[PDB]
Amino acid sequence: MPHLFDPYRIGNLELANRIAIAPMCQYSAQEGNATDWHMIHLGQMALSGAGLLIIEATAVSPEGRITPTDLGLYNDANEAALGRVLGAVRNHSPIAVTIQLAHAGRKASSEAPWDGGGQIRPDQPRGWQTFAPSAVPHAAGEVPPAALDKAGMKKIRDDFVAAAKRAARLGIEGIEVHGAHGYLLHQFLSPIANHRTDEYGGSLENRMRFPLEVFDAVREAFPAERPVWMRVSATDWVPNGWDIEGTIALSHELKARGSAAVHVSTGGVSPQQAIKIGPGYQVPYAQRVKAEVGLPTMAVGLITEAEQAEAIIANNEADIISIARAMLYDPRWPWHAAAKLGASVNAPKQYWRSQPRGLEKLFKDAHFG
């Protein structure tokens, strides 16, 4: 009889409950460096009582950023800036802190969403040359990426390794390899983006080959006891693209290769995607991945209500509920869920006076004697 507020575990990392704060790009870094925005944002996310925080898509190289203001972990300055933020978080919260390591591939060199998200060309001041499995653009008329060669692919492997080591040194507790949302690894997985005719394209085994090498490299580099997993897009929502069968096959391989979990999202590789959006619309993909592969499975997508979240766990549809927008709109979401479902959470002492009367057990360890 599983419940949202059961303690849980991914690999050896104990989680206070099944609630994860999904990775959410803030587009507020400067040359990859965390800024005051990140102390405010991650600081507040850490007070939420969620069991797990997944830091935003963190670029393994400058050219792997989505946008010029993405968070990075590709040099010592980036490491020190993020370390300042993490020190503050650890000072005020017991949350498990993990990080999503990322490379945008052909979707790199973009504007922030509030600036319309368009491609910035390599010839424009903030733009740069992008890389992908094949020299085909994400959308028609865009400046195409260069097709990766052997040394290019090695650089990416080595950059993921280097970033995973910096993350380890910072005391980060886990790594989510970004394999979703139309970014570099997903580009290799999907026949929409991957037109290669070497051993990294064509067949399913070939298309999975580089994403799995990247996974393996990170898993080797990161301390063995701390979990490493992948976020996947379960489908492209485009006929003949990546689909749930590819996802299941990849998930089996991830399990065989020591992944701690699979975080199941969808979409991102094609402007043609025909997404059927609605509450819990991506839960069926997580349910199937959980059923067939049996790794800890995180579900996400328009999960906004405590009873909805609880129902997903109760129905064995996922093991972890990932929440993004509902956390931005209510950074106390897990407190509020705990109040509705008769549970407790960790909260900073500064805010112990804050809950309504009648919820005297809501905050673990709270006292005033």
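Position 1 is the first residue in the sequence shown; the rest follow in order.
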query	finding
282-290 or 107-115, whichever carries the higher mean Cα B-factor	282-290
Stretch with the higher entry mean CA B-factor, where the candidates are 231-239 and 268-276	268-276
Residue selected from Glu305, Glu63, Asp70, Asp330 by maximal Cα B factor	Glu305
Given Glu176, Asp159, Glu79, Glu225, the residue at which the Cα B factor reaches its maximum	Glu225
B-factor third for the C-alpha atom of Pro348 within its chain	middle
Where the record places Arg126 (Cα B-factor, split into thirds across the chain)	highest
Assigned third (lowest, middle, highest) for the C-alpha B factor of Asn91	highest
Third of the chain's Cα B-factor distribution that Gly182 belongs to, per the entry	lowest
Where the record places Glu56 (Cα B-factor, split into thirds across the chain)	lowest
